[PDB]
């Protein structure tokens, strides 16, 4: 069986989802699982296509050694077909994915389901500390994802 494909999804793909991808990439390295997983992140919207992640996101990832070259892009029908796990940040993201691609019925779910449910709050209107809070919330969810899938 081929490597498991994971796609993190938020609205703009410049804050929460790219941070989730950076953290995941870091964990794959520490656990020696780079040969078993593939990861990327995308947004439901197209407002930021082609842009790098938010400066606050880049800063926090650099602080934790989880930065990577990210380019924001918008989720496509191909993504829904190709990825095995479509992990969204909150319920609005979840409803939006299902609206455009009902075909993702079984594989899309809240990233925090790994910890029994919840939504990762949007830090866009906050400051660096809100971005750090998002980082650790995502870090906890992904360590659990790898314990169960790794």
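Positions refer to the first chain, counted from 1.
Trainee: Taking the recorded C-alpha temperature factors, which stretch has the higher mean, 100 to 108 or 82 to 90?
Mentor: The deposited B-factors put 100 to 108 ahead on the C-alpha mean.
Trainee: Quick check: 5 to 13 versus 124 to 132, which has the larger average CA B-factor in the record?
Mentor: Stretch with the greater average CA B-factor: 124 to 132.
Trainee: Going by the CA temperature factor in the PDB record, which third of the chain does residue 119 belong to: lowest, middle or highest?
Mentor: Its C-alpha B-factor belongs to the middle third of this chain's values.
Trainee: Please place residue 36 in the lowest, middle or highest third of its chain by C-alpha B factor as given in the entry.
Mentor: It belongs to the highest third of the chain when residues are ordered by C-alpha B-factor.
Trainee: Using the B-factor values recorded in the entry, state whether the Cα atom of residue 26 falls in the lowest, middle or highest third among the modelled residues of its chain.
Mentor: Lowest third - that is where residue 26 ends up once the chain's C-alpha B-factors are sorted.
Trainee: Per the entry's values, where does residue 43 land by CA temperature factor relative to the rest of its chain, in the lowest, middle or highest third?
Mentor: Within its chain, residue 43 is a lowest-third residue by C-alpha B-factor, going by the deposited values.
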